[PDB]
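Here we start with a single chain on its own, the form deposited in one PDB entry, put down as structure tokens.
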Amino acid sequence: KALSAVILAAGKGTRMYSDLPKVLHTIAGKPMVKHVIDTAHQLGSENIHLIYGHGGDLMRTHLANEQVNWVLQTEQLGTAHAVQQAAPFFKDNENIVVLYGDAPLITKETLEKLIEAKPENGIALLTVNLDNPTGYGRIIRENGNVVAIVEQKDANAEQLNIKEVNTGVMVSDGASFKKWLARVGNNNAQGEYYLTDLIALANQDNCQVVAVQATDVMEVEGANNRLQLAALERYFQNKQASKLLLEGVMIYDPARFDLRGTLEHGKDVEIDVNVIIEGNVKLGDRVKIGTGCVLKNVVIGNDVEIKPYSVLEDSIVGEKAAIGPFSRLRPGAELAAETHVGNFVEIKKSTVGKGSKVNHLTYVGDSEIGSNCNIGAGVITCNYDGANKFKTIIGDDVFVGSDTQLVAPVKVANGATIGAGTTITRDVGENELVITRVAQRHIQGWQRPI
């Protein structure tokens, strides 16, 4: 049958000591709540009811394009109250899964088991075994069913030894939720309407609740502060790295690798220590990434080596190119096959054609460079003082001598040769040689401070 999700995300997150609400803090570059939404979506959720409250404005700006039902909870009177805000929108005969916006590691596969285990008119409850279950409600199994969740202060001696514990994530049909939520009270030390009480209410109705253990403890872990969040981050990165290693990516040290987005890869890819991969990155076969590199939204072709301490964003690199070390590709950098970009070089919004080299101490911006060009050390594309940023066009087989300033807008045609120390403001023709006539004063017998 159909499925929808409710995600509890209204919390202030006081112990984060932040201007943001609890669930907006990122794991691997994405808000915690976004992880949970995505997981709900790939589960097949038809609707996703997002219970929000604190930092409402920020939730709306940060998650503006999310396909969720925005359910504003004006006061946090308990998890049952929270879910009840969305209950009018539950279809009677759809399953509903309740998830928490501050528990981002929960997997599709665990939630599929949970949903599959749910008996008709009953509940499937996700539990977890802890080594120290102190403080948490103990699962009481009679036969293969949960008959009680006994809190810390009520448990007798033997019940205290139970390691199976309640996570609060559960599945039931919409009609059952509507019925039981109306029966939850707040007669307890905290004065709150707890979703937990649905288990007792289900048992009152002679309805079955079945326990499903989560395989991994960290899966169901929340973060109330940034220390806990950093542990979740590390668990997430390790799991991402392990998957990549098992797919055949050589990662020299998985504890020193960060993926913040998606990585598509070929075979025999080698990624050295302290690399960060951000947004959507695609690497071909035999790509080697040296230590310290940062790649954000890039496509790298087969057989490319990126040497250490290179930073690339919104860029495309063709096969057999060589980049680095200390290279910078800024958005719109498009390097063709067999290009060479070297140390202390910055390329911005420019195309560089096949075989061309830009190997030292150079800025190329808003430019088109053709094939088999030689851009010397110290070359700079610049503009006049004024308005917009105009274009430099360099054709094929051009030599640009070291320390040349190319003053846009200007065009240098095929086969041209420009001498070192030149300032180019006028168009250079095909097969034109331009050299600077220097005037020098030579003084003999100049003794330096000895």
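Throughout, we count residues from 1 along the sequence that is shown. Think of the rigid core as the biggest set of C-alphas that the two forms share within 1.5 Å after superposition.
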{"item": "Greater mean Cα temperature factor according to the PDB record, 324-332 or 210-218", "value": "210-218"}
{"item": "Given 84-92 and 310-318, the range whose Cα B-factors average higher in the PDB entry", "value": "84-92"}
{"item": "Top residue by Cα temperature factor, when 41, 54, 35, 49 are compared in the entry", "value": "41"}
{"item": "Given 160, 250, 375, 380, the residue at which the Cα B factor reaches its maximum", "value": "160"}
{"item": "Record-listed C-alpha B factor of residue 262: chain third", "value": "middle"}
{"item": "Modelled-residue ranking by C-alpha temperature factor, third containing residue 386", "value": "highest"}
{"item": "For residue 290, the third of its chain into which the C-alpha B factor falls", "value": "lowest"}
{"item": "Chain third (lowest, middle, highest) by recorded CA B-factor, residue given as residue 69", "value": "middle"}
{"item": "Third of chain Cα B-factors occupied by residue 405", "value": "lowest"}
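Below: the form deposited in another entry, not depicted.
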property: Sole member of 217, 377, 380, 140 with a C-alpha shift of at least 2 Å between the shown form and the other one (core-superposed); result: 140
property: Core-superposed comparison between the shown form and the other one, residue 153 Cα displacement 2 Å or beyond; result: yes
property: Rigid core superposition, residue 164 Cα moves 2 angstroms or more between the shown form and the other one; result: yes
